[PDB]
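Engineer: To kick things off, part of the complex as it is:
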Amino acid sequence: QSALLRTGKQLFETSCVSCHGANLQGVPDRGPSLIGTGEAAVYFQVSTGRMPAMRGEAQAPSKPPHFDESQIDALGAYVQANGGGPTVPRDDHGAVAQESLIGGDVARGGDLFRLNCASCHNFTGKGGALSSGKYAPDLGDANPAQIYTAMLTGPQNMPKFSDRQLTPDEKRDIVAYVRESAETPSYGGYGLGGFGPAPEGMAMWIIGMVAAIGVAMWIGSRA
Amino acid sequence: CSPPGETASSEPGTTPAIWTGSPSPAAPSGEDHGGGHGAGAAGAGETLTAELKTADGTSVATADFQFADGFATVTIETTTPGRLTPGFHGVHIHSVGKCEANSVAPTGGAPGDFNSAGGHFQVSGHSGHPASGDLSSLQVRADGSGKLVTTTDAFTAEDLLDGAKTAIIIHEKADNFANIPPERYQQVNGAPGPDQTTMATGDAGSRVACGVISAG
């Protein structure tokens, strides 16, 4: 719909053209180019909230979303009409598909998440550190369509795991893993983060060892 | 103590009747459909065989025509040991798929397996040269078996699933398909060229075997 493209243009003019130049270009050393990134890229970068941003820093972090689903389709179709690239997967309603993306396998998703990317984040999808200030974020507060469009067009410092690098079966399979690894409870106690031994150490000292020394000073006297 | 379940010699058993082994509902999580292919059209599969029936209802041969990679692969194998005669047989695709014992679509004498609405099962706009109705020979040697595997790209799976289903037939003679040279031969009316009946289908006898290609 052309009125939807116009709505995307009206939201485009009054949020970003200080850093995208209003011809969908890149304002040099203030905000990069934007054509070719596409509706999938704009869905992940505004549906998470990140790109209607406020400073150019180590990496632009997560935030509350600056537009809603009635307007992300407008903004992403506007950037795809000006440019053109990956598109967000949509179900039989025309809306953004978020539940039909969980694939039928998890163990293949476990091995593929673990090989291809869990170097950067974590095993269950907690965050991980990156080089100069930038960091991987947690995958717990991640809409499955945002996970698919996160790996589909890689925003900041992550490789864009393309439609041909990972097949959509594999990408549905990875988002089946992470929406049932950051959602399944920690089997057998409190989950001290997701990454193991450093929270287990710090919760050995102040929970276990401080209680042990407190028992040891209640039992023995002092002199 | 002695165990209770022993020591009883009756008449020493019937011989065990031959193991007619039942099929396997361990594999049965799957239903064999018509097949899997592309064919961005009304819709078809990639495997549809045929059973060539004679004038007594018995099987004579077995055809398998299917579109695989834009080329209609047709493999005609034998079914009976003593069905065909000692000679070459001419395969021909008929437009109507009725393998009746005595039927005729037009006004005329109903021959064996002549239920077609004409001769060769050509295209809907083709009436001339050797189209998909005419086929290669499946010759029968002294062993009594005629096998012919060919790839005709004239038709496909979207052309065999028409409003009237087609068939594959084999007569008692070979496949000529207007093989009369006009430089030495002659006609009964003195014409140099061939007849229109020899141009529609090959010069053979009556159709002995015929089978509908609608997954027969």
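Structural biologist: Arrived safely, thanks for sending. Numbers count the residues shown, from 1 in each chain, chains lettered A, B, ... in the order given.

Engineer: The residue lying closest to residue B:147 once chain neighbours are set aside: which element?
Structural biologist: With Cβ to Cβ, 6 or more residues apart in numbering or on different chains as the criterion, residue B:147 has its nearest non-adjacent residue at 5.2 Å, and that residue is residue B:77. C-betas here are computed from N, CA, C, even on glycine. Under the criterion of DSSP states H and E, residue B:77 resides in strand B:72-78.

Engineer: Check which element follows that strand along the chain.
Structural biologist: According to DSSP H and E, the helix or strand after strand B:72-78 is strand B:90-94.

Engineer: ok, residues contacting the helix or strand following that following strand?
Structural biologist: Per DSSP H and E, strand B:90-94 leads on to strand B:134-137 as the next helix or strand towards the C-terminus. Residues outside strand B:134-137 that contact it (Cβ atoms under 8 Å, 6 or more residues apart in numbering or on different chains): B:74, B:88-93, B:120, B:148, B:150, B:152, B:168, B:174-175, B:177, B:201-202.

Engineer: Which of these are buried, as a PyMOL select command?
Structural biologist: In PyMOL syntax, the buried subset of these is picked out as below (16 or more other Cβ atoms under 10 Å in any protein chain shown):
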select buried, chain B and resi 74+88+89+90+91+92+93+120+148+150+152+168+174+175+177+201+202
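
Engineer: Skip the chain neighbours and tell me the closest residue to the residue most central in space within chain B.
Structural biologist: Computing the C-alpha centroid of chain B and ranking residues by Cα atoms, centre = their mean puts residue B:63 first, at 3.6 Å. Spatially, and ignoring its direct neighbours in sequence, residue B:63 is nearest to residue B:50 (3.8 Å; Cβ to Cβ, 6+ apart).

Engineer: The following sequence is to be added as chain C:
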Amino acid sequence: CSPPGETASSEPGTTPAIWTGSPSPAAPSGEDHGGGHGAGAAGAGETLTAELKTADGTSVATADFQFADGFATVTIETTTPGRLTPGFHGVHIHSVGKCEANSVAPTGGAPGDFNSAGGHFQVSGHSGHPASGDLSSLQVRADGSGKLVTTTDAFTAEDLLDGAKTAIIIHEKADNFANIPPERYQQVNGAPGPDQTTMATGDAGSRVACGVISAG
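Structural biologist: Below, chain C sits with the chains from the block before:
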């Protein structure tokens, strides 16, 4: 310290030339002979293909005739995209295997691929009906490919390795093999029956493709 083997920017490299990968002498503990079979005779294998050569030395088709289970399987596939013409082609086994450009065994005009010592490569005592010399059709559609896989049990691997090697040929026309009915047709001499040249081999044009079956 800094490691010694670094930091040298020349002109930044030619683009890497396409990987023409060498074959594998890891598998090479094995020599591919003519084949393995039974054939309790002078001795033969189970695989012997052919390369159909034209009048310019170029390949047109490719035959593969071999004895497997007492039935001579012959598969004739295409080699070139635009070799054959738009029509049916008649395969015929020739007695002599010379695929010469212009040769004639008898006293006469040397035609294309006519180096055979007669017509059909029949048995050593056979001269009549459709023996192993005559073959089924390998028709060429508009795509320009003629494929025909048949099983003729008239000859075997012990008959193709004769004193003179045989060949497989295809003319510019189809395979007739005396398909003239004597009830409506007529000869130039008024005879009801067919000619002896049409009884030896089929009625076609000049032989376009020909290939020796001695593992060509």
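
Engineer: same question on the contacts of strand B:134-137, but with chain C included?
Structural biologist: The contact list for strand B:134-137, computed with Cβ under 8 Å, 6+ apart, reads B:74, B:88-93, B:120, B:148, B:150, B:152, B:168, B:174-175, B:177, B:201-202, C:88, C:136-139, C:148, C:175.

Engineer: do the same with stretch A:32-40
Structural biologist: Applying Cβ under 8 Å, 6+ apart, the external contacts of stretch A:32-40 come out as A:20, A:24-26, A:73, A:76-77, A:79-80, A:82-88, A:148-149, A:152-153.

Engineer: circling back: what pairs with the residue nearest to the centre of chain B across the strands?
Structural biologist: residue B:76 (DSSP bridges).

Engineer: Would you agree it is in contact with residue B:214?
Structural biologist: No: between residue B:63 and residue B:214 there is no contact under Cβ atoms under 8 Å: 11.4 Å.

Engineer: Mutual contacts of these two, please.
Structural biologist: What both residue B:63 and residue B:214 touch, as defined by Cβ under 8 Å, 6+ apart, is the set residue B:50.

Engineer: which ones are touching the closest residue to residue A:120 other than its chain neighbours?
Structural biologist: Distance criterion Cβ to Cβ, 6+ apart; nearest residue to residue A:120, sequence neighbours excluded, is residue A:136 at 4.8 Å. Residues near residue A:136 by Cβ under 8 Å, 6+ apart: A:120-122, A:127-130.

Engineer: which of those residues count as buried?
Structural biologist: For the contacts of residue A:136, buried by 16+ other Cβ under 10 Å: A:121-122, A:127-128.

Engineer: Could you list which of these belong to strands?
Structural biologist: The strands in this structure, assigned by DSSP state E, contain residue A:128 from the buried ones among the contacts of residue A:136.

Engineer: now for chain D, put it on the one above:
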Amino acid sequence: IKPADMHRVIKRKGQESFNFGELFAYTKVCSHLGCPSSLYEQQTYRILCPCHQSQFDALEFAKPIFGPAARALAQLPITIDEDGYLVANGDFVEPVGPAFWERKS
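Structural biologist: Time to bring in chain D:
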């Protein structure tokens, strides 16, 4: 590598033709202490390792930008095969894993 950033690349010795246009193949096992350096940062082009957080420059050749590593992480040569498939154009020029005594001569 994004082809807007192919003018920032400076190859090292014996290694100028080990690209394939813009396809580079650096090993995953890092310079020292052999963990897989499977963190990769586009738009800064740094192969970061997780085990000790040692960056490597993806642009020039995997020289350590920063970290406890001091050696260039090894690069694999690339060509395409007949039928157009990515193949290795031989072996690494240096031993690829972590360092030890018998090395670098």
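
Engineer: again for the nearest residue to residue B:147, chain D present now?
Structural biologist: residue C:151 is the one closest to residue B:147 (Cβ to Cβ, 6+ apart), at 4.7 Å.

Engineer: that's a helix at that neighbour, yeah?
Structural biologist: No: read with DSSP: H, G, I helix; E, B strand; the rest coil, residue C:151 is strand and lies in no helix.

Engineer: ok so, going back, for the strand holding residue B:77, enumerate the helices and strands it packs against.
Structural biologist: Here strand B:72-78 touches strand B:59-67, strand B:148-152, strand B:167-171, going by 3 or more Cβ pairs under 8 Å, 6 or more residues apart in numbering or on different chains; DSSP states H and E.

Engineer: just how off-centre is that strand within its chain?
Structural biologist: 7 Å (Cα atoms, centre = their mean, to the nearest Å).

Engineer: With stretch B:199-215 instead?
Structural biologist: Relative to the chain's own centre, stretch B:199-215 is displaced by 9 Å; criterion: Cα atoms, centre = their mean.

Engineer: Closest residue of chain D to chain B?
Structural biologist: Proximity to chain B, evaluated over chain D using Cβ to the nearest Cβ, is greatest for residue D:83 at 17.8 Å.

Engineer: does that residue belong to a helix or a strand, and which?
Structural biologist: For residue D:83, there is no enclosing helix or strand under DSSP H and E.

Engineer: how close does residue A:218 get to chain C?
Structural biologist: From residue A:218 across to chain C, the span is 57 Å (Cβ to the nearest Cβ, to the nearest Å).

Engineer: Kindly report the same for residue B:98.
Structural biologist: Look at residue B:98 and chain C: by Cβ to the nearest Cβ, they are 26 Å apart.
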